[PDB]
Structures are given as C-alpha cells and as structure tokens.
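Q: Quick one: structure below, then a few questions.
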Amino acid sequence: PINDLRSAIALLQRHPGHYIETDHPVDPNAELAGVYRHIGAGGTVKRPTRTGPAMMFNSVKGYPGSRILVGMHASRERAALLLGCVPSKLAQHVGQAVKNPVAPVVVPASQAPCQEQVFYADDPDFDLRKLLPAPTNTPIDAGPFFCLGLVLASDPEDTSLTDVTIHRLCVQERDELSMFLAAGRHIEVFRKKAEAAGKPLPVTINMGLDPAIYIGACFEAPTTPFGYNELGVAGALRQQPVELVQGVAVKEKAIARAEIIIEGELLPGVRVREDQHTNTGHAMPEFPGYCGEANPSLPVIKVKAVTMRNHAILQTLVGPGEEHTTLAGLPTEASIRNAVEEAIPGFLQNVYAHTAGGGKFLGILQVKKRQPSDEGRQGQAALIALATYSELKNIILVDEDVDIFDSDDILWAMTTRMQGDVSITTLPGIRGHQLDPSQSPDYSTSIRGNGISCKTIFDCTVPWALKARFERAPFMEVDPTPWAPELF
Amino acid sequence: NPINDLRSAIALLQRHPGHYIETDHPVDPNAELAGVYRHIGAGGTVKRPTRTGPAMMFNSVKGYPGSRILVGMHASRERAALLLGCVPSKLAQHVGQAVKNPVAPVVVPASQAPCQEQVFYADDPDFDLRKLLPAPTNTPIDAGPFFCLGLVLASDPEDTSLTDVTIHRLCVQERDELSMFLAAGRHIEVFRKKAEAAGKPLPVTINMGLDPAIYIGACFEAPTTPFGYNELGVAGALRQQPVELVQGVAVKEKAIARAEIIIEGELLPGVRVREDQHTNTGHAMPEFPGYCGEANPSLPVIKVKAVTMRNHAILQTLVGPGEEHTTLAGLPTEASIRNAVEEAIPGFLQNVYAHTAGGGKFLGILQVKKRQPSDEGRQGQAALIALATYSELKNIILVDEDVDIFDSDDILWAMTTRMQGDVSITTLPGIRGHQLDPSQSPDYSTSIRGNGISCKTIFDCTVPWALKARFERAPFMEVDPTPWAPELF
C-alpha cells in the first residue's frame with residue numbers, strides 16, 4: 001500500500017512513463033523549472049510544454065546529497081493512478097472520501113520517519129539557504145520558493161481548533177521565511193489572535209507527502225475536537241489514518257511520514273517585502289499563467305528547527321501548470337457536482353475544471369436532457385456552478401456525447417452546436433478573481449474594480465426538440481486490440 | 001396560555017385586536033364565501049380590491065348548521081410572526097433556527113386525541129362527504145369544492161419507517177371520493193407508485209385545522225429518521241412541546257391528535273379522474289400567481305374510509321390563495337436563500353423577501369450591505385446564489401440596507417433613483433422557471449423553447465461602491481414621536 005511519498009513513487013515505477021530520474025546536474029535557480037517546462041509542467045505554462053512524468057533531480061548544483069522532485073501531481077492520469085480510480089471519476093472518488101473521513105492519529109516519534117535527522121536553528125552554523133535547495137520558477141521571482149508546504153496550525157486560545165492548508169513560502173534569511181495567509185482562513189484568524197496579544201503562532205510546514213494528503217487537504221472539511229480534519233480525506237482514501245507526531249521545537253504537530261518538516265512560528269508585529277533581496281517587483285508565476293506581483297507586506301516565519309528523514313526528498317512544483325490544476329480543480333469539480341446533483345438529480349453527467357483556467361476560471365459541464373422538461377435546465381446548472389464557485393469565469397455546457405476532457409471536442413461543440421446570438425449569455429459586474437488580468441476597468445467599462453469580470457455561459461447543448469438531428473456518426477462498436485495489440 | 005392546536009392559536013389572536021373576527025351573517029360556501037374574504041383579508045396576488053386583515057370565522061354556513069369555516073389564518077406576515085413570538089422581519093430566521101433543532105413528535109392513545117371526538121365511517125350507506133363538510137369553492141369556475149390546507153401523512157408501503165408529511169389540495173368528487181394531486185419526485189408519490197404496482201392502495205390521513213406552527217414548519221425541508229415524520233419537528237421546536245400523533249381509526253396511518261378534522265382514505269390504484277369531471281369548467285382553482293389553473297386530466301382518487309373530527313369542528317382553508325400562500329411558500333424560500341448566501345458570503349446579505357407579488361416564489365428581494373470595496377460585484381453573486389437555490393424564482397431585485405424591502409413603494413424608489421436601465425439590468429434567457437407563469441410561453445418570446453421556461457432578470461438597484469457617499473438618504477433627526485401623538489403608538 002501507499003502511506004508516504006516514497007511508496008507512491010514505487011507504484012509509479014510499476015507504470016512506465018509516470019516517473020523518471022536524472023543525474024545530470026541542475027541549478028535550482030531557474031534552471032530546474034526551465035527544464036521541467038519542456039517535460040511535464042503543462043497547464044497554463046507557455047508552450048512548448050506537455051504533461052509528462054514526475055521528475056527527480058538527483059544532482060543539485062550547490063546542494064550535495066539533496067534531491068528535488070517536481071510534477072508529482074502534474075497529471076490527472078497520474079493522480080487517479082495514485083488513488084486507484086478512473087481519471088474521469090477522480091473527483092467523484094475523492095468526494096466520496098470527503099463524506100466518510102478517517103480521523104488522523106498521534107503516534108510516537110519512533111514511528112515518525114520525518115525526525116530521523118534534526119537541525120535546530122540556534123546552532124550558529126545553521127542556514128536554511130544551505131540546508132534546503134528551494135527552487136525558483138523564473139529568473140524574476142522574489143526569491144527561492146517552497147510551493148508545497150502543508151501548513152498545520154492551531155488556535156492559540158483553544159488548541160482543539162486546527163487548520164490544514166497548503167501555502168507557498170519565500171526564503172528570506174538564514175532562519176526566516178515569508179508566508180502569505182489568505183484573509184478569512186482559520187490560520188490567519190489564529191495569527192491575528194496571537195499578534196493581538198503580542199505572541200507568536202507556532203506552525204509546521206510539512207513537505208514531501210502522500211499525494212492523498214495534498215489532494216485531500218484542498219477540500220473543505222467539517223470540524224471536530226482536535227480535528228486536523230482535512231487529513232481525514234487521505235485517511236479515507238487509504239483506509240489508514242494519517243499519523244501525526246509532536247513537533248521537536250514548536251507547540252504544534254507534524255506529519256509523521258513526511259520527507260521534510262520546517263518548524264517555526266509566525267512572528268508578531270513584523271512585515272517584510274516579498275522581493276526585498278531581488279527587487280524584481282514580482283513574486284512568482286500564478287496559476288493563470290502570468291507573473292504575480294510581489295506582496296509588499298508579508299508576515300515572517302521564524303524557523304526554530306528543520307527535521308527530515310535520511311536522504312530527504314524535497315518536493316515542490318513548477319508552473320504551477322497542471323500541478324495546480326489537479327490540486328485546485330478536483331475540489332472545484334466536487335463542489336459543483338454536489339450542488340447540481342442536489343438540485344437536479346441525475347442531470348449532470350460530469351464536470352471538468354479545465355486546465356486552461358488552472359482548474360478555477362473555466363468550468364465545463366456535461367449534461368444529459370432525458371425529458372422535455374430538461375430543456376432550460378442546462379442554464380440552471382450553469383447558474384448553480386457559478387453560485388457554488390464564485391471564482392469561476394466562463395461556463396461551457398455540452399451533452400453526454402462530448403468528451404469534456406478533449407479540448408478539440410469542446411471546440412467542436414462550440415462550432416456545430418452553437419449560435420452566437422442565441423447560445424451566449426453574458427453576466428457583467430460579477431466578482432471573480434484578482435489574478436485574471438483582463439478583470440480590469442482598463443479592459444471593460446462595465447468593470448468597476450480589479451477582480452470584477454463579465455461572466456459568460458456558452459450553451460453548446462442541443463435544444464431538446466432537435467436532438468434527433470444532432471446524432472454523431474455512429475461507428476460500429478469493436479475492440480481494436482487484435483488489429484494493433486501494441487497500441488493497447 | 002401556550003399554543004398546541006388551532007383553538008389555542010385563535011385565543012392568542014383575540015388578545016391582539018385586528019387579527020381575528022367572527023360573523024354570524026349567513027354565507028354561501030359556493031363562491032360567496034371567498035368573494036367576501038377577497039375584500040377583507042385575501043391579499044396577495046388576488047385582483048383588487050383586496051388587502052391583508054384579520055383571519056375570519058364564518059359561524060353561519062348556508063345549508064350547514066353547526067359548521068363554521070375558517071380562512072386567512074396565515075394571510076399576514078405580522079399575524080404569522082405574532083403566532084410564533086418574533087418580529088415579522090426576523091420571521092424567516094426564527095423558523096430556520098427551529099428547523100435546525102427539531103423536536104420529534106410523539107404518539108398518544110385516543111384518550112388524548114381531540115381530533116377523534118367524532119367518527120364517521122364511510123361504510124354507512126347514508127354517509128356523504130357533502131353533507132358532512134362544507135368545502136368551499138373559491139370561484140364559480142372552480143372544478144368543484146376544494147380543501148386547500150390538508151396536511152397529508154403517509155408511509156412507505158414497504159418500509160413503514162419511511163414517512164412523508166406534506167400539504168395538498170383536494171377536490172370533492174363523490175360522496176366518498178376525492179381527487180388529490182401529488183408532485184412528482186416527492187416521497188409520498190414514490191410511496192404511491194410502489195403500492196399501485198402491486199395493485200394495493202396507499203393509506204393516508206388528511207389533517208386539517210392545525211397549529212399554525214405545524215402548517216408553517218411543514219413547508220420546510222426536513223431530514224429523514226426512522227418513523228420520523230420530520231416536518232413536524234419544526235412545530236415541536238417552535239412550541240418546545242412535541243406534536244402529538246394518534247393511530248388511525250380506519251386506515252394504516254397516524255393522524256394529528258390535536259387536529260380539527262381528519263379524513264382517512266386510500267389512494268386507489270389504476271383509477272384516474274379528471275378534476276372538473278362534474279363541472280366541466282376546464283379549470284381547477286385559482287393559483288398563487290393570480291390566475292385560474294387548468295383542470296388536471298389524470299388525478300389519483302382518494303377513497304375515504306372514515307372522517308374524524310372534534311366537537312364543533314372548525315373547517316380551515318384559504319382564499320386566494322393570496323397572502324396565505326405567500327406566507328407558507330415564501331418563508332421556506334427566504335430561509336434557504338439566506339442560508340446559501342450566508343454560507344457563501346458571510347455578513348453580506350442583510351435580509352431577503354419572497355415578495356407577495358410573486359406569490360412567495362417568483363420575485364425575490366435581496367437586501368445587501370457593501371462594507372468594503374471588495375463587496376462591489378458580490379451583489380450579482382448574491383443574486384446568482386438565490387436563483388441557483390430557488391429555481392422557480394424569476395426576477396431578483398438588489399437593494400441596500402437603507403431600503404425597506406417589505407415596502408413596495410420603497411422598492412420602486414430604489415428602481416427609480418439607484419438604477420440605469422442600460423447598466424443595471426441583466427437578462428438571462430432560456431432558464432426553466434415555473435409552468436404557472438403564463439408569460440413563460442413560446443408565444444410570449446422567441447427565446448423561450450417551451451412552457452415553464454423564462455427569461456430571468458436581475459435588477460441591480462444597489463449604489464455602486466465608489467458613489468455611496470453621494471446616495472445618502474436625507475438624515476432626519478432620530479426622535480421618539482410618542483409624546484406628540486400617543487394614540488398612534
């Protein structure tokens with residue numbers, strides 16, 4: 001079975017094409033990301049690019065004994081393989097585990113591989129910049145970045161309330177990182193509580209994990225006493241609870257079977273400019289495919305210790321490309337699937353949070369009109385999708401005979417099953433997302449501020465009265481394996 | 001002093017003058033009855049002149065001595081709020097709070113079942129439902145006499161632990177037969193299909209004359225628990241006292257113990273009737289949008305086995321259905337819309353009104369408060385959530401927190417001074433709405449592909465965030481005007 005990063009790699013090695021290694025040296029500064037751009041970054045990264053194998057870089061220039069791993073989640077086919085289900089049913093699969101979680105468990109340090117090696121910060125030869133090779137994606141980033149930091153944090157007033165989230169961090173000093181916290185998230189509430197009292201907030205950055213943890217943590221989870229409830233998804237996906245170990249130097253727990261763990265605390269009453277040492281004005285590439293701007297006021301994490309297993313694998317991403325599409329798009333598809341199935345049972349067939357929108361901006365809904373009254377319900381499904389995921393932008397509606405994962409087949413529906421003065425409904429002035437650069441008053445007079453957009457529903461479904469005229473050419477059902485065994 | 005039935009609720013209304021009256025003037029239950037209350041308290045989408053007023057008891061029914069007919073009990077938001085102990089603006093919240101912590105019903109012996117103080121078995125050859133109950137007709141073109149507030153209890157004919165309680169309307173067809181429509185996809189309809197498949201009837205009880213808490217709570221979405229009857233849990237929570245149930249006398253189903261009248265019958269398999277078979281008016285009844293509905297051609301028949309009522313049983317129904325429908329339908333509408341927006345955008349939606357001009361279903365008024373620049377653009381998000389939550393909505397109007405969403409004058413004011421027709425109006429064609437809107441027809445629009453499909457419109461009458469400083473309503477000094485006119489307060 002799988003219970004950490006390395007056992008997942010073993011499964012990938014039994015399916016050739018999903019994992020490779022290389023011993024040719026590489027620079028973690030921009031060179032690594034530039035290489036994986038051609039191999040497996042995918043997503044919204046500039047062409048040429050493609051989905052490919054997960055990649056391991058064994059020779060890291062300037063970091064002997066370190067190995068960097070990227071693209072673990074940069075493939076919907078790979079992600080379904082890691083959880084054991086069909087790719088088209090992957091969101092439905094994880095959504096089922098969301099509804100029947102398996103709570104994590106605390107285990108002693110003897111069962112925590114993540115603490116085989118310990119490095120305290122108060123040691124005078126400790127330097128976070130020499131201990132870990134944090135890669136940069138572009139030569140214009142704010143600095144070195146960790147992009148897959150599973151952050152654990154508890155309320156300082158009541159430890160029974162926790163939060164499990166994925167963050168990115170920029171290495172600033174030998175013992176400091178900058179970390180943005182989304183306003184409204186529980187951990188940001190926890191941090192403002194501690195900063196209001198002048199106290200730091202202990203946290204753990206857990207990196208190099210079972211893919212089931214990274215994916216499952218992106219879903220919304222209920223709350224239970226001493227919860228860490230986001231981990232319950234991975235517990236249900238593996239039918240084995242996720243094990244936790246007490247931190248070595250902070251009053252917070254950590255993933256026991258993690259590759260690397262940074263223990264630190266959010267400092268009270270201190271901010272930092274994200275690119276203070278590079279002065280590029282930017283932070284790093286964002287999921288829409290453009291370079292985000294450097295945040296001028298970020299809170300600082302003061303590192304206390306770094307614990308890692310022997311021959312620790314540093315896991316991060318590149319792009320963020322298809323990797324971000326997987327981690328954000330599966331929750332997007334799941335919450336839309338639940339909302340529509342609740343409102344219109346048996347109508348929605350599937351949903352794809354398209355990788356062209358990073359799994360956030362573009363939603364493709366596949367419906368099936370079973371009866372005359374289903375005409376008019378496709379627009380209802382699009383309204384439900386927009387209402388469930390406010391950060392969406394455009395919705396495309398197609399029938400069950402369209403493959404929503406094939407963008408050629410989507411454009412085909414836009415071509416032969418659509419009239420621009422009939423099938424296109426615009427919705428101006430709806431709050432969308434700040435990182436879409438076209439959501440600007442400079443782009444449209446109907447946009448009153450940044451992050452507001454026009455939202456468009458493309459109804460490429462066949463009108464119920466005409467479905468007999470739109471049957472695709474019916475080729476005979478055959479098994480092509482005998483005529484070309486090598487292709488199957 | 002507490003409320004546990006219809007008569008204890010009437011007693012509370014009598015302590016608040018203006019909400020209940022009686023009359024001893026003889027009234028004809030055929031048309032004349034509804035025609036009178038149209039002027040007095042029908043309200044809603046009833047054709048003018050009309051208004052909301054007191055609930056009304058007609059003690060003198062022509063041809064029915066000893067009968068007394070009750071209408072208008074829920075025909076007022078103030079009256080409903082008083083009947084539940086809260087302010088009318090927070091009425092949807094107060095019930096939604098009780099929905100989340102229901103109190104389960106309890107079965108009791110016939111000793112504690114006032115509803116069974118009288119029993120009329122249908123096997124008597126002189127039995128006649130027409131002689132027994134004076135079911136009124138709302139208009140002269142109705143399909144026949146109607147019961148409009150029948151709380152129906154039913155259970156799965158296979159797994160009796162699965163129950164469903166709902167509100168239906170029933171048309172009197174014979175001395176022992178009623179026609180009753182059932183909405184597809186609901187549990188009681190699925191229960192009837194299983195029974196009809198095996199050639200077996202389905203036992204039901206029709207409970208009429210209830211605590212308003214029961215009628216109101218039954219319209220909300222309830223969970224399902226073993227032998228739960230969960231829609232009754234809202235009323236039990238609203239009274240902090242469980243609803244009492246009594247085993248049926250002639251059929252295999254329980255009934256409301258504190259009810260005024262009970263009809264015990266069975267849904268006969270295979271048999272079908274058209275609603276207007278005895279009248280041929282082509283119509284059924286006035287519907288909530290304000291028009292007379294068409295007669296249903298194929299309706300399942302309820303064969304009554306026993307009628308059960310207390311001494312001097314009050315016959316409760318509605319007229320219009322007017323404001324009475326707006327209350328029963330609009331409170332669930334507002335509650336679910338409020339829950340959906342508060343989850344998605346906390347602290348943004350201030351209130352919501354399922355406007356009575358929409359019958360509590362077609363028109364939604366949303367009161368939002370823009371607190372920060374990021375709130376600009378979320379008002380349309382709030383409208384999309386409501387449309388997604390209640391698909392039978394047609395139009396949405398967005399207003400700010402300084403607009404009284406229950407004052408239609410104030411709504412048209414926001415639509416006059418806080419709106420530009422080429423900026424603030426978003427049309428959404430081809431969205432299924434509701435069959436009873438007559439404009440949802442291909443004959444009304446070329447963008448409508450079939451009956452029940454509509455264009456849905458969002459009127460954004462909120463002040464743009466950047467201009468809010470220019471749209472402050474005139475600030476009048478806050479005073480307590482009681483000493484200057486104590487008779488008005």
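Ordered as shown in the structure tokens, chains take letters A, B, and onward, while each chain numbers its residues from 1 and ligands are numbered from 1 in the order shown.
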Using only C-alpha atoms, which protein or nucleic acid residues come within 9 Å of segment 345-359 of chain A? Drop anything in the same chain fewer than 3 positions from it, and give the result as JSON, numbers by chain.

A: {"A": [42, 43, 44, 88, 89, 91, 92, 287, 288, 289, 320, 321, 322, 323, 324, 325, 326, 327, 328, 329, 330, 331, 332, 333, 334, 336, 337, 340, 341, 342, 362, 363, 364, 365, 366, 367, 368, 369, 370, 374, 377, 378, 381, 392, 393, 399, 400, 404, 405, 407]}

Q: Just want the 8 Å neighbourhood of residue 279 of chain B, counted on only C-alpha atoms, with same-chain residues fewer than 6 positions away dropped. Output as a list in words.

A: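 That gives residues 142, 143 and 144 of chain B.
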
Q: For the residues in that selection, give me N, CA, C and O atoms as a PDB file, in the first residue's frame.

A:
ATOM      1  N   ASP B 142     -64.492  27.068 -10.528  1.00  0.00           N
ATOM      2  CA  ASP B 142     -63.637  26.037  -9.963  1.00  0.00           C
ATOM      3  C   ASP B 142     -64.114  24.652 -10.390  1.00  0.00           C
ATOM      4  O   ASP B 142     -65.272  24.449 -10.765  1.00  0.00           O
ATOM      5  N   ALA B 143     -63.198  23.685 -10.327  1.00  0.00           N
ATOM      6  CA  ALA B 143     -63.536  22.317 -10.694  1.00  0.00           C
ATOM      7  C   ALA B 143     -64.545  21.696  -9.739  1.00  0.00           C
ATOM      8  O   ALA B 143     -65.228  20.739 -10.113  1.00  0.00           O
ATOM      9  N   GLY B 144     -64.651  22.222  -8.524  1.00  0.00           N
ATOM     10  CA  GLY B 144     -65.543  21.695  -7.522  1.00  0.00           C
ATOM     11  C   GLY B 144     -65.127  22.187  -6.155  1.00  0.00           C
ATOM     12  O   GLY B 144     -64.168  22.953  -6.020  1.00  0.00           O
TER      13      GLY B 144
END

Q: Find the residue from B:476, B:465, B:127, B:489 that sits nearest to chain A; use only C-alpha atoms when measuring.

A: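 Among B:476, B:465, B:127, B:489, it is B:465 that comes nearest to chain A.
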
Q: What separation in Å, quoted to one decimal, exists between atom CA of residue 220 of chain A and atom CA of residue 350 of chain B?

A: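 One can read the atom CA of residue 220 of chain A to atom CA of residue 350 of chain B distance as 25.4 Å.
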
Q: Which polymer residues have any atom within 6 Å of an atom of residue 310 of chain B, counting only C-alpha atoms, with same-chain residues fewer than 3 positions away left out, as a list in words?

A: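 Contacts, in chain order: residues 114, 115, 116, 117, 118, 260 and 313 of chain B.
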
Q: Would you output that residue set with N, CA and C atoms, as a PDB file, in the first residue's frame?

A:
ATOM      1  N   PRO B 114     -58.183  14.788  20.719  1.00  0.00           N
ATOM      2  CA  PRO B 114     -59.427  15.537  20.481  1.00  0.00           C
ATOM      3  C   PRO B 114     -59.942  15.404  19.063  1.00  0.00           C
ATOM      4  N   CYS B 115     -59.051  15.170  18.096  1.00  0.00           N
ATOM      5  CA  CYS B 115     -59.484  15.021  16.714  1.00  0.00           C
ATOM      6  C   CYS B 115     -60.481  13.883  16.555  1.00  0.00           C
ATOM      7  N   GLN B 116     -60.409  12.861  17.408  1.00  0.00           N
ATOM      8  CA  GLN B 116     -61.281  11.698  17.301  1.00  0.00           C
ATOM      9  C   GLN B 116     -62.472  11.761  18.256  1.00  0.00           C
ATOM     10  N   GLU B 117     -62.930  12.967  18.604  1.00  0.00           N
ATOM     11  CA  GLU B 117     -64.143  13.093  19.404  1.00  0.00           C
ATOM     12  C   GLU B 117     -65.389  12.687  18.629  1.00  0.00           C
ATOM     13  N   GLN B 118     -65.341  12.739  17.299  1.00  0.00           N
ATOM     14  CA  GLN B 118     -66.393  12.219  16.439  1.00  0.00           C
ATOM     15  C   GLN B 118     -65.764  11.321  15.387  1.00  0.00           C
ATOM     16  N   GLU B 260     -58.375  19.517  13.951  1.00  0.00           N
ATOM     17  CA  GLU B 260     -59.811  19.770  13.979  1.00  0.00           C
ATOM     18  C   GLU B 260     -60.577  18.694  13.222  1.00  0.00           C
ATOM     19  N   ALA B 313     -66.331  20.986  15.001  1.00  0.00           N
ATOM     20  CA  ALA B 313     -65.048  21.054  14.314  1.00  0.00           C
ATOM     21  C   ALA B 313     -64.971  22.273  13.406  1.00  0.00           C
TER      22      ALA B 313
END

Q: Taking only C-alpha atoms into account and nothing else, which residues of chain A lie no more than 9 Å away from chain B? Please answer as a VMD selection string.

A: chain A and resid 343 372 to 388 390 422 425 to 432 446 to 453 463 to 465

Q: Which of segment 111-354 of chain A end up as strand (DSSP E) when DSSP is run on this backbone - answer as a PyMOL selection string?

A: chain A and resi 117-120+145-154+162-173+176-179+201-207+243-246+253-255+260-272+282-285+291-293+298-308+313-315+348-353

Q: DSSP says helix (DSSP H, G or I) for which residues of segment 274-367 of chain B? Put them as a ChimeraX atom specification?

A: /B:322-344,356-358

Q: Export, as an mmCIF file, in the first residue's frame, the selected residues with C-alpha atoms.

A:
data_model
loop_
_atom_site.group_PDB
_atom_site.id
_atom_site.type_symbol
_atom_site.label_atom_id
_atom_site.label_comp_id
_atom_site.auth_asym_id
_atom_site.auth_seq_id
_atom_site.Cartn_x
_atom_site.Cartn_y
_atom_site.Cartn_z
ATOM 1 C CA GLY B 322 -53.382 35.264 -1.734
ATOM 2 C CA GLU B 323 -51.137 36.224 1.159
ATOM 3 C CA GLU B 324 -51.817 32.887 2.863
ATOM 4 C CA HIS B 325 -49.828 31.185 0.102
ATOM 5 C CA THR B 326 -47.143 33.885 0.277
ATOM 6 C CA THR B 327 -46.560 33.069 3.950
ATOM 7 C CA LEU B 328 -46.474 29.288 3.581
ATOM 8 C CA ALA B 329 -44.298 29.354 0.451
ATOM 9 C CA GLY B 330 -42.203 32.482 0.997
ATOM 10 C CA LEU B 331 -40.786 31.654 4.420
ATOM 11 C CA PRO B 332 -39.084 28.484 3.088
ATOM 12 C CA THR B 333 -37.897 30.469 0.064
ATOM 13 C CA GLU B 334 -36.282 33.205 2.157
ATOM 14 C CA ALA B 335 -34.764 30.746 4.630
ATOM 15 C CA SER B 336 -32.969 28.618 2.036
ATOM 16 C CA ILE B 337 -31.804 31.708 0.130
ATOM 17 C CA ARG B 338 -30.495 33.219 3.366
ATOM 18 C CA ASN B 339 -28.648 30.042 4.344
ATOM 19 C CA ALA B 340 -26.996 29.796 0.928
ATOM 20 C CA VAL B 341 -25.767 33.399 0.824
ATOM 21 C CA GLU B 342 -24.595 33.483 4.443
ATOM 22 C CA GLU B 343 -22.539 30.360 3.768
ATOM 23 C CA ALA B 344 -21.004 31.765 0.582
ATOM 24 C CA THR B 356 -46.048 38.659 -2.147
ATOM 25 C CA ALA B 357 -46.426 39.881 -5.734
ATOM 26 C CA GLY B 358 -44.565 36.729 -6.736
#

Q: Show me, as an MDAnalysis selection string, the residues that have an atom within 9 Å of residue 226 of chain A when counting only C-alpha atoms, minus same-chain residues fewer than 3 positions from it.

A: chainID A and resid 154 159:162 223 229
